[PDB]
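S.K.: This one is an experimental structure. Sequence first:
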Amino acid sequence: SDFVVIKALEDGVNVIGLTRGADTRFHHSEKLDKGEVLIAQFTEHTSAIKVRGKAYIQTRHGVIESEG
Amino acid sequence: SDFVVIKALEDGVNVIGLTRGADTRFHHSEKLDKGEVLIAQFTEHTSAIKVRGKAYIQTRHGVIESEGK
Amino acid sequence: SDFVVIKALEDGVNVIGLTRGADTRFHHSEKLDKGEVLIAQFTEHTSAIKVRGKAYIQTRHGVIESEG
Amino acid sequence: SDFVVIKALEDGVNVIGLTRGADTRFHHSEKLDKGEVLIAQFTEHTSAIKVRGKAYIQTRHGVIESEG
Amino acid sequence: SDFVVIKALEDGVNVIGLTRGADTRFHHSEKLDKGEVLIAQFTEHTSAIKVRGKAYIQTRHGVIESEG
Amino acid sequence: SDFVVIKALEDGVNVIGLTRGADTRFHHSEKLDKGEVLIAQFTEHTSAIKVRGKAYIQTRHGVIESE
Amino acid sequence: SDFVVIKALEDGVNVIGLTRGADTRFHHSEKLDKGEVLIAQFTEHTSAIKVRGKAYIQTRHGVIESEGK
Amino acid sequence: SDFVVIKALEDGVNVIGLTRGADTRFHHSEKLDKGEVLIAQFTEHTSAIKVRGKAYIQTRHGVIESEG
Amino acid sequence: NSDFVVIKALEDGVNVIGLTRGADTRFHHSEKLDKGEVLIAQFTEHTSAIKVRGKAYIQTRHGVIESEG
Amino acid sequence: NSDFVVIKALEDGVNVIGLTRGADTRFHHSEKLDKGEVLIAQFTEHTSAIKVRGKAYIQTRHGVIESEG
Amino acid sequence: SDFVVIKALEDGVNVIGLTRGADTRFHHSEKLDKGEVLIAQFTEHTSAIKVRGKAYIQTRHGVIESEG
Ligand SMILES: N[C@@H](Cc1c[nH]c2ccccc12)C(=O)O
Ligand SMILES: N[C@@H](Cc1c[nH]c2ccccc12)C(=O)O
Ligand SMILES: N[C@@H](Cc1c[nH]c2ccccc12)C(=O)O
Ligand SMILES: N[C@@H](Cc1c[nH]c2ccccc12)C(=O)O
Ligand SMILES: N[C@@H](Cc1c[nH]c2ccccc12)C(=O)O
Ligand SMILES: N[C@@H](Cc1c[nH]c2ccccc12)C(=O)O
Ligand SMILES: N[C@@H](Cc1c[nH]c2ccccc12)C(=O)O
Ligand SMILES: N[C@@H](Cc1c[nH]c2ccccc12)C(=O)O
Ligand SMILES: N[C@@H](Cc1c[nH]c2ccccc12)C(=O)O
Ligand SMILES: N[C@@H](Cc1c[nH]c2ccccc12)C(=O)O
Ligand SMILES: N[C@@H](Cc1c[nH]c2ccccc12)C(=O)O
C-alpha cells in the first residue's frame, strides 16, 4: 500500500488526513517542526492527504514541494 | 489503488470527486489555495476526479497542468 | 484499475462513458471547458470512453490528441 | 483488463466488438468521426475488437494503423 | 489475459481460433480485408490462434509477419 | 498463461502438443504451411510443445529457429 | 509490506510509530543514538512513522534527511 | 509456470522429466532429432528437467548449452 | 515472501536486534555477530522492525547503508 | 511457480543434492551429472535447499556462479 | 520465496538456519567445503541465515562476502 514522505521546511507544517468513505472531512492533523519527516500511508481511514506549509514531498510519482 | 498529486498554483483551485456507480455527480469539492498539495486516491466512492483552476498535476502517466477560466 | 487523463484544449469538450455490459450506450457526458482536466477510471459501469472536441489525452500507452 | 486506444483519422471509422464465448459475432459497432478518440477495454462481453477505416491505434504492444 | 494484434496486408486474411480443451479444431475464422485490424484475446474458448494470408502481427514477443 | 509464436519457413511444419499430467504423449499436431503463423498457449491439456520442420519461433526467452 | 531505513546522525533520534485505524496517536518512540540503524515496517499497528532528530532516511522513494532540533 | 526451450544440435538428444514429490525418478524421455525444438514447462508432475546430448537451451536465466 | 536485510559485521560484537510485531514493541532477541560474519534476516510474524548496533555494512532493497559503533 | 537453478556439469560425477523442506533437514536425493549434461531443478514442496558438489556452471536469478571440485 | 547463494571460499564454511517463530535459535548447520555451492531458501522453518567462514554470497540485494 502507497505512502508519501513529507519533510517540513519550516515550523508548523500541517499534514492533514481526509476520511475515506462517502463523506469527506479531515480526521487528523499531524504538525511537523522544521526538519522533521513524516512517512504516511494511505489506509482504511485515510484516502487523501493534504499538506499545508513549506514541505518537500516524495511520492511514487516523484518530488513535489508545498509552499505556505 | 492509484492516486493523483495536485498542487494549487493560485487560490481557489477545486479538486472535485465524481461518484462511482451508474450515477455520475460531484460528491465533494476540495478547495485548495496557492501552494497547497492534495494527494488523492481513487476509491470505492470516487472513480473520476476533475480539477478546476491553475494546478500542477502528477499521475502515474506523468505531469499535466490544469489552467483556470 | 486504469485511468485516462483528459485536458480540454477548447470549450465544450465531452468525455463520454459507454456502459459496461451486453448493451453499449452513452450513460454520462462530462463537459470540460478549456483548461479543465478530468482523470477518469474504467469502472464497473464504464468499459469504454469517448472523447469529442479538442483535448490532450494521456493513458498508460502514451499521449494522444482528439480533434473537434 | 487491457484496453486499446483508437483515434479516427477520417469520418465513419468503425470500432466493432466481437462477442466473448463459444459463438463469435459482432455485438456492437461504434462509429467515430474524424478526430474522435475511443478508449475501449476487453470485457466480459468483448474478447476481440476489429477496426475498419483509417485510424491510429495504440495497444500495450505499441502503435499500429488501420487503413480505409 | 494476452492478446495478439493482426493488420491485414492484403484481402481475405483469415484469423482462425482453435478450441481450448482436449479437442483441437477451428471454431471460428475471421476474415480481414486489406488494412483492417483485429485485436484478439486468448480466452476460455480460444487457446491457440492461426493467421493465414499476408499480415503484420504484434504480440508481447514483438513483431512477426505471416505470408500468403 | 504463456504462449509461443511459430512461423513456418517451409511447407509441412508440425506444431505438436504434449499432454499435461502423469503421462506424456502427443494429443494434437497442427500442420503449418509456408508463411502461416500459429500462436499457441500452454494450457490445461498442453504442458509441452514440440516443433518439427523449419520455423522461426518466439517466446518470452527470445527467438530460436527449428530446422 | 514497505519499510523505511533510519540511520541516526546524532544522539537521541526518535523513530515514532503512529497508530493505524480511526484513532491516531503515538504508540511507541524508539530512541537511536549516533550511528545506529533501525529498519522499520508499516504494520497492522503502525500506518505512519515520524522521525525527529538528525537522521539519514531511505525509503522506496529514495533518500531523505531529517534535521535536528 | 516457467518453461525451458531446448533445441537439439545433434540427433538423439534427450529431454528427461524428473518426478515431483518425495520420490525422484525419471518419468519420461522425449527424444529430439537435430534441429527439433521442444518448449517444456515445469508442472504438477515434473519439478526438474535434465538434458543429455548437444543442445542450445534458453531459460529465464539466459542461454546455456549442453554437450554430448 | 517478506523482505530481508543483509548485515555483515565489520567488527566483533555487532547486535542485530529483532523488535516485536504487534501492539507492543520490545526487543525479543539480539543476535550477536563477530567480525566478517553475515546474517540475512527476514521480517516475519514476530519481527516487524530490526535495529543494528555496532559497525556493519547493511544491504536492503533500498540500497546500502552502514551502521557505526 | 517456484524459482529454479540451472546446473551444467563441467566434469564427470557432479552431484546436485536436494535438502528436505521442513523441520528435518537431510539429503533426500543426489542427481549425478556427467560432463556437459544440464539439470534445471526447482525448489519444491520437498526441496528447500540445493547443494552442488564438483565442477559446474550454475545460473540462478542472481546470476552466474561456479562450483569447483 | 527468496533464496541466498553461498559459495565456500575455504573448507568448513558453516551455513546456519535460524528458527522462524517467537523463539530464535539455530536448527541446522550445513557445512561446505571449498568450492561447494549451497542455494538455500527462506522457509516455513528458516527465517534468518548466518554464514560463518570465508564465502562469496549472492542475494537479490547483490553480492556480499563473509570473512572467516
Ligand atoms: N471521502 C472521499 C475522499 C477522497 C478521495 N479522493 C478524492 C478525490 C476528490 C474528492 C474527494 C476524494 C473518498 O474516499 O472517496
Ligand atoms: N459514475 C461513473 C464515473 C466515471 C468514471 N469514468 C468515466 C468516464 C466517462 C464518464 C463517466 C465516468 C462510473 O463509475 O463509471
Ligand atoms: N458494452 C460493451 C462496451 C465495449 C467495451 N469495449 C468495446 C469494444 C468494442 C465495442 C464495444 C465495447 C462491453 O462492455 O463489452
Ligand atoms: N468468441 C471468441 C472470440 C475470439 C477471441 N479471440 C479469437 C481469436 C480467433 C477467433 C475468435 C476469437 C472467443 O471468446 O474465444
Ligand atoms: N485444444 C488445445 C489447443 C492447443 C493450445 N496450444 C497447443 C499447442 C500444440 C497443440 C495444440 C494446442 C489446448 O487447449 O491445449
Ligand atoms: N506430461 C508431462 C509433460 C512434460 C512437461 N514438461 C516436461 C519436461 C520433460 C518431460 C516431460 C514433460 C507433465 O505434464 O509433466
Ligand atoms: N510493534 C510495532 C513495531 C514497529 C514496526 N514499525 C514501527 C515504526 C515505528 C515504531 C514502531 C514500529 C509494530 O508492529 O507496529
Ligand atoms: N490513524 C491514521 C494514521 C495515518 C496514516 N496516514 C495518515 C495521513 C494523515 C493523517 C493520519 C494518517 C490511519 O491509520 O489512517
Ligand atoms: N525467530 C525470529 C528470527 C528472526 C528473523 N529476523 C530477525 C531479526 C532479528 C532477530 C531475530 C530474527 C523470527 O522468526 O522473527
Ligand atoms: N522429487 C524432487 C525432485 C527435485 C526438484 N528439485 C531438486 C533439486 C535437487 C534434487 C532433487 C530435486 C522434488 O520434487 O523436490
Ligand atoms: N529443512 C530446512 C532446510 C533449509 C532451507 N534453508 C536453510 C538455511 C540454513 C539451514 C537449513 C535450511 C528448511 O526447510 O528450513
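M.R.: Ah, there it is. Numbering: from 1, shown residues only, chains lettered A, B, ... in the order given. Ligands and ions are numbered 1, 2, ... in the order given.
S.K.: ok, now which ones touch residue A:44?
M.R.: Contacts for residue A:44 (Cβ atoms under 8 Å, 6 or more residues apart in numbering or on different chains) come out as A:20, G:20-21. Bear in mind the C-beta positions are built from the backbone N, C-alpha and C, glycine included.
S.K.: and of these, the nearest to chain J?
M.R.: Using Cβ to the nearest Cβ, the shortest approach to chain J within the contacts of residue A:44 belongs to residue G:20, at 31.3 Å.
S.K.: In chain A, what residue lies closest to ligand 2?
M.R.: Minimum separation of chain A from ligand 2 (Cβ to the nearest ligand atom) falls at residue A:22, amounting to 13.6 Å.
S.K.: Any idea how many residues pack against that residue?
M.R.: The number of residues packed around residue A:22, counting by other Cβ atoms under 10 Å in any protein chain shown, is 12.
S.K.: phi, psi of the closest residue to it other than its chain neighbours?
M.R.: Distances taken as Cβ to Cβ, 6 or more residues apart in numbering or on different chains place residue B:45 nearest to residue A:22, at 5.3 Å, with adjacent residues excluded. Geometry field for residue B:45 lists phi and psi as phi -90, psi -20, criterion degrees, to the nearest 10.
S.K.: Pull up the gap between the residue of chain A most remote from its centre and chain D, please.
M.R.: With distances taken from the mean C-alpha point of chain A and given as Cα atoms, centre = their mean, the most distant residue is residue A:22, at 20.8 Å. Computed with Cβ to the nearest Cβ, to the nearest Å, the distance linking residue A:22 and chain D is 27 Å.
S.K.: For ligand 9, what's its nearest residue on chain A.
M.R.: Residue of chain A nearest ligand 9, by Cβ to the nearest ligand atom: residue A:39 (21.1 Å).
S.K.: Surely that residue and residue A:15 touch.
M.R.: No - counting by Cβ atoms under 8 Å, residue A:39 does not reach residue A:15; the two are 10.4 Å apart.
S.K.: Name the residues contacting each of the two.
M.R.: Residues touching both residue A:39 and residue A:15 (Cβ under 8 Å, 6+ apart) are residue A:6.
S.K.: Report whether the expected contact of residue A:64 with residue A:55 is present.
M.R.: No - Residue A:64 is beyond contact range of residue A:55, at 9.1 Å (criterion: Cβ under 8 Å).
S.K.: Compare these two (neighbour count), which wins?
M.R.: Here residue A:64 and residue A:55 are set side by side on neighbour count (other Cβ under 10 Å), and the busier one is residue A:55, at 24 against 21.
S.K.: for whatever residue of chain A ends up closest to ligand 6, what are its contacts?
M.R.: Here the residue of chain A nearest ligand 6 is residue A:1; by Cβ to the nearest ligand atom that distance is 37.7 Å. Applying Cβ under 8 Å, 6+ apart, we find residue A:1 in contact with A:41-43, G:1-2, G:42.
S.K.: Recalculate using a threshold of 10 Å.
M.R.: Applying Cβ atoms under 10 Å, 6 or more residues apart in numbering or on different chains to residue A:1 gives the contacts A:41-44, B:1, G:1-2, G:42, G:47.
S.K.: Could you dump those into TSV and include distance to ligand 5?
M.R.: As requested, those are arranged in TSV below (distance: Cβ to the nearest ligand atom, whole Å):
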residue	distance to ligand 5
A:41	43
A:42	41
A:43	44
A:44	42
B:1	35
G:1	38
G:2	40
G:42	43
G:47	46
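S.K.: Tell me the span between the first and last residue of stretch A:47-58.
M.R.: Using Cα to Cα, to the nearest Å, the end-to-end distance of stretch A:47-58 comes to 17 Å.
S.K.: Just give me the neighbour total for the residue of chain A found nearest ligand 7.
M.R.: With Cβ to the nearest ligand atom as the measure, the residue in chain A that lies nearest ligand 7 is residue A:39; the distance is 9.2 Å. By other Cβ under 10 Å, 24 other residues sit near residue A:39.
S.K.: Enumerate the beta-bridge partners assigned to it.
M.R.: Bridge pairing for residue A:39 (DSSP bridges) gives the partners residue A:5, residue G:49.
S.K.: From chain E, how far off is the residue of chain A found nearest chain B?
M.R.: Closest to chain B within chain A is residue A:67: 3.6 Å, counting by Cβ to the nearest Cβ. According to Cβ to the nearest Cβ, residue A:67 and chain E sit 44 Å apart.
S.K.: got the contact list for that residue?
M.R.: Taking Cβ under 10 Å, 6+ apart as the criterion, residue A:67 is in contact with A:9-10, A:51-55, B:7-8, B:34-37.
S.K.: Could I get the contacting residues of the closest residue to ligand 3 within chain A?
M.R.: Distances from chain A to ligand 3, computed as Cβ to the nearest ligand atom, single out residue A:22 as the nearest residue at 26.4 Å. Contacts for residue A:22 (Cβ under 10 Å, 6+ apart) come out as B:19, B:27-28, B:43-46.
S.K.: could you list every residue that touches the spatially most central residue of chain A?
M.R.: With distances taken as Cα atoms, centre = their mean, chain A has residue A:15 as the residue nearest its mean C-alpha position (3.9 Å). Contacts of residue A:15 were listed using Cβ under 10 Å, 6+ apart, and they are A:4, A:6, A:8, A:28-32, A:38, A:40, A:49-53, A:55, A:57, A:66, G:48, G:50.
S.K.: Go again with 7 Å.
M.R.: Under the criterion of Cβ atoms under 7 Å, 6 or more residues apart in numbering or on different chains, the contact partners of residue A:15 comprise A:6, A:30, A:32, A:38, A:40, A:49, A:51.
S.K.: Perfect, that will be all.
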